[PDB]
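Residue numbers (the authors' numbering), protein chains in the order written: chain B, 20 to 328; chain A, 13 to 315; chain A', 316 to 637; chain A'', 316 to 637. A prime marks a further copy of an entry chain.
Just so it is clear, CB atoms sit at the ideal spot from N, CA and C, and this is done for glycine as well.
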Amino acid sequence: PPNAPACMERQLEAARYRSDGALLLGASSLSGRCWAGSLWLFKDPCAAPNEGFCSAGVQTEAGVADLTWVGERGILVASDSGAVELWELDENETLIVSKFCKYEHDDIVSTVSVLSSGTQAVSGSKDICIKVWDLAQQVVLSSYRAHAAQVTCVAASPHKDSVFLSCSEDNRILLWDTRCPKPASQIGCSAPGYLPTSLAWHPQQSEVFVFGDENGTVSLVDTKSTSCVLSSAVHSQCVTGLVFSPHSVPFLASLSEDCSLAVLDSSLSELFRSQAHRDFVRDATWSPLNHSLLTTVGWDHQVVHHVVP
Amino acid sequence: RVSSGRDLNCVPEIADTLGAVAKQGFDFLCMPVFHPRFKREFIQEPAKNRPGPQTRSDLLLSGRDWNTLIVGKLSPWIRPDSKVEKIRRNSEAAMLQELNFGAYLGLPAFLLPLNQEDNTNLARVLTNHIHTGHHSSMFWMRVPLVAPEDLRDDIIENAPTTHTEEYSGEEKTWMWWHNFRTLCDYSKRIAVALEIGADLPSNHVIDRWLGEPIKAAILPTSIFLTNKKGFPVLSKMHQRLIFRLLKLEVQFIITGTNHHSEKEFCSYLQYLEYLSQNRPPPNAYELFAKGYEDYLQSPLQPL
Amino acid sequence: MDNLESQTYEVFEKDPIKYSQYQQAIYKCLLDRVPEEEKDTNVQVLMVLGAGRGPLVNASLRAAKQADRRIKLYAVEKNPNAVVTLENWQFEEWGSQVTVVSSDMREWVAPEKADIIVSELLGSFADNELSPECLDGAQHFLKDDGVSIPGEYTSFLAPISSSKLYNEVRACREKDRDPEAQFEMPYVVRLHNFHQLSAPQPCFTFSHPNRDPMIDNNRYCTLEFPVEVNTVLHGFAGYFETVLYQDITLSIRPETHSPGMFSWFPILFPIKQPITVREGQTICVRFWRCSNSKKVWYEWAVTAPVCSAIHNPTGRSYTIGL
Amino acid sequence: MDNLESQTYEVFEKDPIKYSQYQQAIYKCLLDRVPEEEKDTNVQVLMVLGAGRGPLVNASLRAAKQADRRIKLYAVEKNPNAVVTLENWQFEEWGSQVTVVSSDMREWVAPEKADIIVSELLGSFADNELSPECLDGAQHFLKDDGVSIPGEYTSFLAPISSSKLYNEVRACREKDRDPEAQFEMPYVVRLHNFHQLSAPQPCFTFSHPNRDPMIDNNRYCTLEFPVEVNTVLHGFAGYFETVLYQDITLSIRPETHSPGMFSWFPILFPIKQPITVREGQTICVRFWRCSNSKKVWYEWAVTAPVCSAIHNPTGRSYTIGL
Ligand SMILES: O=C(NC[C@H](O)CN1CCc2cc(OCc3cn[nH]c3)ccc2C1)c1ccnc(NC2CCC2)c1
Ligand SMILES: O=C(NC[C@H](O)CN1CCc2cc(OCc3cn[nH]c3)ccc2C1)c1ccnc(NC2CCC2)c1
Ligand SMILES: CSC[C@H]1O[C@@H](n2cnc3c(N)ncnc32)[C@H](O)[C@@H]1O
Ligand SMILES: CSC[C@H]1O[C@@H](n2cnc3c(N)ncnc32)[C@H](O)[C@@H]1O
């Protein structure tokens, strides 16, 4: 902890495992004198949230909306400031140094995703804009105003730098393909339905993905079927995140503002349910080291670990 | 000679932030009273019993500063007209919470969005708030010249932007406002903060907002073209409007990040000060009539 | 907030169809709760909440003779003037079978819990006489497996045209209040010279007992009315249906109106300014039920084909006192 | 029924004499409750009821350092806007010693019972800001042997002549209410151009805690004022004295007025018609404190030398909302 911050902000926003087994935390201050945020690496994941037993930490100008790993050293940050930040991890993995901080969005940057290559990222915001980045060149390649409302979630396809989903408050789920002169394509169920709030690409088929609506319903979409194959009422409230397990036949981890975690099979049926959190469940990553151990962070400052049957 | 403030949806330290924008040459700051991403639950445990503080302290600024320099913004997550029962009730509570806190601080004005057509429940909450307690805060309704839907790039392959002649279509943001203020029986504490896009509409739309109560005009950084040197400036069509707004004596609100990276923010502002001090100077009639603007006088019998 | 006059009770006691229906709602509930094998072993504890001068008490005693099932009666009444009349019947006629309780049901601490709670708190618009708030406060003394009579009621609205009734309201202006106040309140009225512009759609519904863990009796309801002539909107007629028990019901909804029942006239929510409406257009009305700890009130507005001003914001013109 | 604005709190925080007096009232109460032999063993549980932005909390912490006695603090506040300010002080500065409670004291279910309850609910007429009703509801969580600060307060009335203030009131007529309403309510006012016609006599008194088994905060009080000039009665000036603790007191009664304390101005109960009064005659005024479950109000009347009409019957013109 050379440098680092003395204290960790109350509101844990993001939580991502490396391939090593290390744990990255995004934290924002959503109340009090100072409305900032902070990045933390934890080579010991059972130590977190504890600030004393961390491998490295750092303080950001402003709170962190979304996070993501970029290889093993790169960390991509969606700031409230309207900026995208790339923080490169140190030589000995003791510091976290700002590589670039670009002010391109006119409002809160609400979501980031890295594309298959790991050379490019797409940022969604409250300005309604979506942007594609070169993380090498540190610039906006493309800037698409597809939506008519603030962008909730953007999710890069597993295997194509060309393709990614975005979902917005305008009720639109878009399927992108930067190779078309009209990239975006509106998709979803037969009916209008409630607003989309969360997007998880399936790991094996770019064919299929799941989206969560604000009425606590998770749905499974096949892109060419172009119809909502399956659905289930999983949560009492807004679904804020969906994360597939690294398993062969992969499980679906389901976050909500009802402070609960759900884990569902390929048919969206309740396997596990945890009420261990007493405030909004914000993020989830599964251990690559132990595929049956699952880590969640809340606004209740709890870093919880679950064993999953 | 020009009154103008700065919209931010990000404030880490209200002390330094307000200090900066004043040093940039602004008159006031539009900012959140609660953190925009800090959703609150009001009914369902456990989220209900979230420990405080619920926002930053009122001690950080003086009364004089709260009364003059700060303009509240309703947190963007507050959607009182949601078709979801739970989100509706939470936004009902959230809005009173946000508006009440603005009254407590004694803010001169508070910003609310009109970004969809049905604001029947947003109007009712506000109407109950205006008739509940006694205060003379102002309510700036954020309405765009052109709906966000009719400003979007034509890049959705299977739902294109219908290019056809639409007279009553491209006025629709005015019916948004007219419906809203009508529900609020034309309250004097409800006025317009008119948001301007890169693409202006046809004059016939800019002719609607004639006669309406415009206290503010929101210029995003986007719409500013650059010139030979690097100075940010405006189109001759955006200038024609600025000159008409200046006549109405409205405050100007710069919103969004710096896109003229090489120069500071007092450059955007400088240009407005430039436009202002160049406008067709006031003639004979307009110099004697200064002050009597829209002042009613009862009929006096001269006999 | 006010007690009913003796002669008021008198008239409403004389609607036999209403008390036939209440008698039967119990008759059918008795048989379903105590088997014939238990008809002398099991005595049912039965509470008339808002007993009045006790036509519901008498009716409960008629239901017992009909079903030949055993019952014990509490008669809880807030109006002490009425309680005089109960305690006099209790002594002269009923006897120990009927306990009398001079109390508000929201307050009363019950000696035992009840099988069946029986009340007639319904207004012309169902929940306007505050049936929800009264039974909400008095349900914690209902048995875990206990019945409410009524179990369900629903309010119904329909847009109406009557330049006649528009005058009648306009002339209700009084000195020493908002000069438009007369428009921001509902009037009970035997509608006669008027024009129903659309089929009544339902507005608000309530269930008893109320299972939901976070009880909330506030409502918001958007209604859309197809209109198939040119006309001028002057107001909205209000009616209700109620499920006393199973298929037994009272209704003042003209379509399903319980025959020969005069107990309730329709309500009327007027609007300040009459709204012109043309063949084919949709009238869209919005209704809120609102409440403090102290008072309950409706606010309302027209959003199509033109917007009205929101009527009775803050319950400024009209509130019903808890 | 309404929350105080930040800048309102600000000004009233700047009366040092008032908070000097509250600091001392605790200082003296601490020493009398925990012997020196117990100064480290006994920790006193101390509750600021209506904590505001916490000048009474700070003052309680200053009292502890002064007496070197151990204390634990609850800060109960109804106004959530203020609670924001408390919870921010609680975090930054005070810490675990100060619990914060965002609740009405009448509602709050206390985790433990209190040694000392400390409140500044007093109005210009003492009980007009409903100090009695608030502390009555919140006393069941005071220890059997516990102190209230304040323990005692008393309202004082004196007849006044001011044709100037009579105009100021008459001109408070507003459209859309009883055209005499402006006379049937009390005005807080820095009395200046007026004539005190008699020495202030006491009107109403309250004690905390309230031992009496049948608590009742309604009052009726006949006052007789010797008048030793010819003059015209226009109203009655209201003041108060309060016993915070022992000999420590606040007062706005001009005779015993706490020096340099601007927190409270006098009240004024006007009368519709000015009453002529002659040298030697007695002004006899009558004052009632009245209340529902919902609202509290004063009614009043002049019975000598001529009768007035009873002012504010039913609290029609003026009520303070519980
Ligand atoms: O609709 C009206 N008022 C609104 C109110 O909600 C309706 N309810 C009805 C039930 C009821 C029952 C009571 O108690 C019974 C009772 C207990 N014990 N003893 C008697 C008391 C009042 C009401 C009013 C109303 C007003 C004037 N006339 C008529 N119609 C009749 C006049 C001759 C045709 C109706
Ligand atoms: O008499 C008045 N109002 C009637 C009311 O009963 C009097 N009380 C006094 C105590 C108090 C204490 C509060 O809280 C403190 C506090 C907690 N935390 N932080 C601060 C709040 C209000 C009042 C009003 C009144 C009105 C206008 N001006 C003046 N005088 C000053 C103006 C500059 C001379 C007096
Ligand atoms: C027949 S009209 C309803 C009857 O029930 C009584 N009532 C209404 N509300 C209540 C209540 N909350 N508690 C007890 N009785 C009530 C009324 O005084 C009337 O006699
Ligand atoms: C200093 S004025 C009295 C303070 O106590 C608060 N207060 C008044 N009445 C109550 C009550 N019944 N419960 C809790 N706080 C109260 C007020 O909001 C104010 O901050």
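Just to check, is the beta-carbon of residue i closer than 7 Å to a non-hydrogen atom of ligand 4?
{"i": "residue 316 (chain A'')", "result": "no"}
{"i": "residue 391 (chain A'')", "result": "yes"}
{"i": "residue 309 (chain B)", "result": "no"}
Roughly how far, in whole angstroms, is the beta-carbon of residue i from the beta-carbon of residue j, given that I think they are within contact range, below 8 Å?
{"i": "residue 585 (chain A'')", "j": "residue 498 (chain A'')", "result": "5 Å"}
{"i": "residue 230 (chain B)", "j": "residue 249 (chain B)", "result": "Not a contact, Cβ separation roughly 12 Å."}
{"i": "residue 297 (chain A')", "j": "residue 611 (chain A')", "result": "It is not possible to answer for residue 297 (chain A'), since the shown part of chain A' is limited to 316 through 637."}
{"i": "residue 178 (chain B)", "j": "residue 148 (chain B)", "result": "Contact flag wrong, Cβ pair sits at about 25 Å."}
Is residue i near ligand 3, going by C-beta to nearest heavy atom under 7 Å?
{"i": "residue 420 (chain A')", "result": "yes"}
{"i": "residue 280 (chain A'')", "result": "Any answer about residue 280 (chain A'') is impossible in this case: the structure gives chain A'' only from 316 up to 637."}
{"i": "residue 435 (chain A')", "result": "yes"}
{"i": "residue 559 (chain A')", "result": "no"}
{"i": "residue 397 (chain A')", "result": "yes"}
{"i": "residue 532 (chain A')", "result": "no"}
{"i": "residue 365 (chain A')", "result": "yes"}
{"i": "residue 319 (chain A')", "result": "yes"}
Verify the contact flag: residue i, CB atom, against every heavy atom of ligand 2, threshold strictly below 7 Å.
{"i": "residue 334 (chain A'')", "result": "no"}
{"i": "residue 370 (chain A'')", "result": "yes"}
{"i": "residue 323 (chain A'')", "result": "yes"}
{"i": "residue 650 (chain A'')", "result": "The displayed coordinates of chain A'' run from 316 to 637. Any statement about residue 650 (chain A'') would go beyond what the structure contains."}
{"i": "residue 47 (chain B)", "result": "no"}
{"i": "residue 145 (chain A)", "result": "no"}
Under the criterion of a Cβ to heavy atom distance below 7 Å, does residue i qualify as lining ligand 1?
{"i": "residue 409 (chain A')", "result": "no"}
For the stretch 570-599 of chain A'', enumerate the residues whose C-beta is nearer than 9 Å to any C-beta of chain A', in chain order. none
May I ask you to list, following chain order, the residues of the stretch 403-425 of chain A'' that have a beta carbon less than 9 Å from some beta carbon of chain A? 403, 404, 405, 406, 407, 415 and 417
What are the residues of the stretch 486-518 of chain A' that lie near chain A'', defined by any Cβ-Cβ distance shorter than 9 Å? 490, 491, 492, 493, 494 and 496
Any alpha helix (DSSP H) of 4 or more consecutive residues that is wholly inside the stretch 324-348 of chain A'': 331-348
Along the stretch 383-402 of chain A'', what residues have a CB closer than 9 Å to any CB found in chain A? 394, 395, 396, 397, 398, 399, 400, 401 and 402
Any C-beta of chain A' within less than 9 Å: which residues of the stretch 195-207 of chain A qualify? 195, 196, 197 and 198
Contact the stretch 448-461 of chain A' vs the stretch 475-489 of chain A': 3+ CB pairs below 8 Å: no
Compile a chain-ordered list of the residues in the stretch 59-86 of chain A whose CB is closer than 9 Å to at least one CB of chain B. 59, 61, 62, 63, 64, 65, 66, 67, 68, 69 and 72
Below 8 Å, how does it come out for the stretch 245-255 of chain A and the stretch 210-221 of chain A: are there three or more Cβ pairs, yes or no? yes
Contact the stretch 613-626 of chain A'' vs the stretch 585-594 of chain A'': 3+ CB pairs below 8 Å: yes
Taking contact to mean 3 or more Cβ pairs, one atom from each stretch, closer than 8 Å, check whether the stretch 79-93 of chain A and the stretch 104-114 of chain A are in contact. yes
Any contact between the stretch 592-608 of chain A' and the stretch 163-171 of chain A? By contact I mean 3 or more CB pairs, one from each, below 8 Å. no
Residues, ordered as in the chain, of the stretch 124-141 of chain A that lie near chain A' by beta-carbon distance below 7 Å: 132, 133, 135, 136, 139 and 140
Residues from the stretch 155-177 of chain B in contact with chain A, defined by Cβ distance under 8 Å: 163, 164, 165, 166, 167, 168 and 169
Would you be able to state if there are at least three C-beta pairs under 8 Å between the stretch 360-367 of chain A' and the stretch 426-446 of chain A'? yes
For the stretch 610-634 of chain A', enumerate the residues whose C-beta is nearer than 7 Å to any C-beta of chain A, in chain order. 614, 616, 618, 622, 624, 625, 628, 629 and 631
Got a sec: which bits of the stretch 48-59 of chain B sit with their beta carbon under 7 Å from any beta carbon on chain A, in order along the chain? 49, 50, 51, 52, 53, 54 and 55
On the three-pair Cβ rule with 8 Å, is the stretch 390-402 of chain A'' touching the stretch 345-356 of chain A''? no
Please confirm if the stretch 298-316 of chain B is in contact with the stretch 259-271 of chain A, defined as three or more CB-CB distances below 8 Å between the two stretches. no
Going along the stretch 244-274 of chain A in order, which residues come within less than 9 Å of chain B, judged by CB to CB distance? 267, 268, 269, 270, 271 and 273
Listed from N- to C-terminal order along the chain, which residues in the stretch 96-121 of chain A have their beta-carbon within a distance smaller than 8 Å of any beta-carbon of chain A''? 109, 112, 113, 115, 116, 117 and 118
Closer than 9 Å, Cβ to Cβ, to anything on chain B: give me those residues from the stretch 170-192 of chain A, in chain order. 170, 171 and 172
Below 8 Å, how does it come out for the stretch 14-21 of chain A and the stretch 313-327 of chain B: are there three or more Cβ pairs, yes or no? no
Does the stretch 212-225 of chain A come close enough to the stretch 97-112 of chain A that 3 or more CB-CB pairs lie under 8 Å? no
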